[PDB]
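Trainee: Take this structure, written in structure tokens, and hold onto it; I'll ask about it next.
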């Protein structure tokens, strides 16, 4: 859940 | 006469609802495509 993956999920 | 009117409006309403549902399906598929191209933008 790196910041990029968190942006994608959000 | 009411039955005639009802049948005509039934056909019109059914076709309009089908078109609207197709529009919604395209919109949701666009959302899924956004998610998928984002994952591709991340993983390829």
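Residue numbers (the deposited numbering), protein chains in the order written: chain A, 689 to 698; chain B, 300 to 343.
Don't be surprised by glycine CBs; every beta carbon is placed ideally from N, CA and C.
(1) State the CB to CB distance for the pair residue 692 (chain A) and residue 341 (chain B), rounded to an integer number of angstroms; the pair is presumed to be in contact (CB under 8 Å).
(2) Does chain A have any CB closer than 8 Å to the CB of residue 341 (chain B)?
(3) Does the CB of residue 698 (chain A) have a neighbour CB from chain B at under 8 Å?
(4) Under the three-state reduction of DSSP, which class applies to residue 694 (chain A): helix, strand or coil?
Mentor: Once the coordinates are examined:
(1) About 7 Å separates the two Cβ atoms, so the contact holds.
(2) It does: the Cβ of residue 341 (chain B) has a partner Cβ on chain A nearer than 8 Å.
(3) With 8 Å as the cut-off, residue 698 (chain A) does not count as an interface residue toward chain B.
(4) Secondary structure at residue 694 (chain A): helix, using DSSP grouped into helix, strand and coil.
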